[PDB]
Participant: 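Have a look at this one before I ask anything.
Per chain, numbering begins at 1; letters A, B, ... match sequence-line order. Heavy atoms only: backbone and side chains are in, while hydrogens, waters and symmetry mates are out. First listed ligand is number 1; within each ligand, the first listed atom is number 1.
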Number of protein chains: 2
Amino acid sequence: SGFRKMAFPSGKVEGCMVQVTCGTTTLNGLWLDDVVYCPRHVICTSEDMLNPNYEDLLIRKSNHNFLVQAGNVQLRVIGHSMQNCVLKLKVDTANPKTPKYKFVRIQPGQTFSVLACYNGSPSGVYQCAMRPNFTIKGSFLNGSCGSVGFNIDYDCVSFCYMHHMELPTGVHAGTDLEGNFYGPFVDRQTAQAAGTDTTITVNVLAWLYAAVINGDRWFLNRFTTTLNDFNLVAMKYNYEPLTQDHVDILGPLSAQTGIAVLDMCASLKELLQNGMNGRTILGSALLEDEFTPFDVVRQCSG
Amino acid sequence: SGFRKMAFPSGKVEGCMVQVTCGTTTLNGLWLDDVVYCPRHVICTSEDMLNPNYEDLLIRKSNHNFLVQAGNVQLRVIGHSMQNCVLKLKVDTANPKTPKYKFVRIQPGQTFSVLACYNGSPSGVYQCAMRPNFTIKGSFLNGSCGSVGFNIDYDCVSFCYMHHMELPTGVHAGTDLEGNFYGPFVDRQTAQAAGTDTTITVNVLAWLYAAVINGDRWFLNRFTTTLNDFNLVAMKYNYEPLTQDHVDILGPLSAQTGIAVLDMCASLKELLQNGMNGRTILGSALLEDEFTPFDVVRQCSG
Ligand SMILES: COc1ccccc1NC1CN(C(=O)c2cc(=O)[nH]c3ccccc23)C1
Ligand SMILES: COc1ccccc1NC1CN(C(=O)c2cc(=O)[nH]c3ccccc23)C1
Ligand SMILES: COc1ccccc1NC1CN(C(=O)c2cc(=O)[nH]c3ccccc23)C1
Ligand SMILES: COc1ccccc1NC1CN(C(=O)c2cc(=O)[nH]c3ccccc23)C1
């Protein structure tokens, strides 16, 4: 037992991290096969970020202006191109450590592991969710751009995120590996609103099921509710509406604990309206929404 | 910015994980050079755990009874010995992926990353602390024994923990890599008390400094206190007494934020006595104590 915010083992991704420098700007790149993927803002100066014309800025760059280093060895850049907000630097050597991989555009409410890197060197790994407002609550400092988010399915790494920027609320924005930002964000220095940070209801319910599997059962009540009644309370607390598809997704956890999904909704409705009363659930004093039903099942069964 | 429970990149440790089977028992081993380290309870049946005589049980085992598998390849066991609560299985092949390493016995209040493994395959990585009561709050299921805890200092892995068991409170107990348990725990099926789970005060203060660096400043007040006055309140809440050595350790964070250590103690005293009033600090509704002052500096500077 026990329940922690667990990340995937990062080894497969560590073997893909390189340093990319253009002028005075250094950030991280992801080396897969003979291509290095990195944020296109590597070509920008601080002044350029106020109103960058990436097409015009990129024309002043040649292959030899992109310095790519893998550990202590320099890679030779034989091509470059921009795809949405990422650059693809073709190198003359295929990464010998390229794992089996896919590029996926993750859905809001889903989770992934981030390997935070600086100067092409991995520094830490943590788990996060793609919030409904398409931001992540990461931990990224100066030089972290190009760090990636991923999931692992046995031996295949599904890359889903590349880090590009930090927004005014302290939250982070980035793209999928095709260079398309998650959400309405743009790689420019303009204050950008993420919008209401709604709570991932199905994930809160999954985490309440994890708590029950772990013996934390104080919050269970003798009540039930309906989807429509629960959602009237969910709306008030900026929780995502719970759908029948979410109920179906919670099926296995509901059956494992013997607690019907709508009975768990009634418990969550009471927790929202009355609070925790100074009590905790799985070592937390707030309702946690960054664990999917898959994450809970994986962590509670193997 | 941002502050997450961040673990070290696990790649170096993933290359050391093997599966060890003895009879019907399978768990994980740590393969470093030509030795595989694993919990000695791998030799036990469920019945043996009620009152095991490890010396007598181990005499009925020969090298060929320990099946060690590294991925899909079987390693040849050419020796075995017991050191405290670990077995050391000498194999005929040195692990080609053996990183630079040390075995360290971590101090209570310090943190480390755990690579949770099952059947010799890494499943997840998370960060935790060696609690003052020498337990960890991990996430470990059946088959997780032999998973290790470690820290990384550039290219050197300091192994500090090997997983052995789960206690009645849902917390975990284990040994250093010399096989000595942290705390009073024994590898037998008897209900074992961990004692009062005291809060790591210096770590709470480090985390309050992290919150201030991250713009969360609501809890700062116009007060100061003394070590002796603060400790009178700390005792009441089962917090560890704050010493001058802890104040010295918080020196760099105090100076970075311009908030004197005793001024931060006054804020923590008010948080303990009055609560959070429904507010959060770094996305938490309770005072977090599993980040050391080193962890905060590393995550806030690089
Ligand atoms: C003016 O620069 C931009 C403007 C608009 C968009 C992007 C940039 N630059 C990019 C963002 N960069 C960082 O390194 C970074 C990322 C981060 O998540 N948090 C930070 C905190 C402090 C200092 C830097 C960062 C490079
Ligand atoms: C805080 O975000 C903005 C605020 C006002 C206007 C624009 C933004 N967004 C963009 C995204 N940026 C960063 O990633 C970034 C770049 C940097 O050089 N230093 C930072 C320090 C702190 C937080 C972010 C950054 C600037
Ligand atoms: C009766 O066995 C013991 C008695 C005293 C001491 C040890 C054992 N066995 C060991 C402990 N094992 C596990 O696999 C394990 C570890 C864990 O942390 N949590 C669990 C939860 C559920 C089922 C198993 C575990 C093997
Ligand atoms: C809960 O711990 C005890 C309770 C009463 C008496 C003894 C213990 N301690 C020991 C340490 N054990 C385990 O690691 C363990 C072994 C197992 O086979 N199944 C478990 C299921 C749940 C939690 C722990 C275990 C038994």
Side-chain angles (χ1 to χ4, degrees), chain A residues 1-4 24-25 27 39 41 44-52 85 135-136 138-147 163-174 181 184-194 213-215 299-302, chain B residues 1-2 20-22 24-28 38-52 54 85 114 116-119 128 135-147 149 161-175 181 184-194 213-215 300:
Chain A
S1 86
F3 208 73
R4 279 268 188 206
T24 61
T25 299
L27 46 60
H41 69 238
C44 300
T45 69
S46 312
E47 357 159 37
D48 289 337
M49 300 304 298
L50 299 171
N51 184 25
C85 303
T135 65
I136 71 175
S139 185
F140 292 114
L141 302 173
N142 181 46
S144 57
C145 299
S147 297
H163 190 50
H164 286 247
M165 69 195 271
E166 177 167 324
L167 305 174
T169 47
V171 301
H172 297 105
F181 267 89
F185 309 113
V186 293
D187 48 359
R188 298 168 229 196
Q189 193 174 322
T190 171
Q192 299 167 54
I213 294 163
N214 278 268
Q299 204 180 145
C300 295
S301 87
Chain B
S1 86
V20 181
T21 300
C22 186
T24 61
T25 299
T26 289
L27 46 60
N28 305 284
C38 76
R40 68 178 178 171
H41 69 238
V42 69
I43 70 181
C44 300
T45 69
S46 312
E47 357 159 37
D48 289 337
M49 300 304 298
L50 299 171
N51 184 25
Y54 286 97
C85 303
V114 170
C117 299
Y118 297 88
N119 295 106
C128 73
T135 65
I136 71 175
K137 294 171 174 164
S139 185
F140 292 114
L141 302 173
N142 181 46
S144 57
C145 299
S147 297
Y161 179 84
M162 177 163 280
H163 190 50
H164 286 247
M165 69 195 271
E166 177 167 324
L167 305 174
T169 47
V171 301
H172 297 105
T175 68
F181 267 89
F185 309 113
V186 293
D187 48 359
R188 298 168 229 196
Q189 193 174 322
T190 171
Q192 299 167 54
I213 294 163
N214 278 268
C300 295

Participant: In order of chain and number, which residues sit within 4.0 Å of ligand 3 by heavy atom?
Facilitator: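 For ligand 3, the residues that come within the 4.0 Å heavy-atom cutoff are A:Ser1, B:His41, B:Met49, B:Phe140, B:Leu141, B:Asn142, B:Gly143, B:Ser144, B:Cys145, B:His163, B:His164, B:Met165, B:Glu166, B:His172, B:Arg188, B:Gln189.
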Participant: What closest approach, in Å, do B:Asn28 and B:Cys38 show between heavy atoms, and which atom pair accounts for it?
Facilitator: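 That closest heavy-atom pairing would be O-CB, 3.6 Å.
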Participant: How far apart are the closest heavy atoms of B:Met165 and B:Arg188, and which atoms are they?
Facilitator: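 That closest heavy-atom pairing would be CE-O, 4.1 Å.
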Participant: Ignoring hydrogens, what is the shortest heavy-atom contact between B:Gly146 and B:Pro39? Give both atom names and the distance.
Facilitator: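 Closest approach of B:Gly146 to B:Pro39: N-CG, 3.5 Å.
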Participant: Taking all heavy atoms of B:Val114 and all of B:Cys128, pick out the closest pair and write down the distance.
Facilitator: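 Taking B:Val114 first and B:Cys128 second, the nearest heavy atoms are CG2-SG, 3.8 Å.
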Participant: What closest approach, in Å, do B:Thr175 and B:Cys85 show between heavy atoms, and which atom pair accounts for it?
Facilitator: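 Looks like CG2-CB, 4.0 Å.
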Participant: Please state whether the rings of B:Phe140 and B:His163 are parallel, tilted or perpendicular, taking 30° and 60° as the class boundaries.
Facilitator: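 Parallel: the ring planes of B:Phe140 and B:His163 meet at under 30°.
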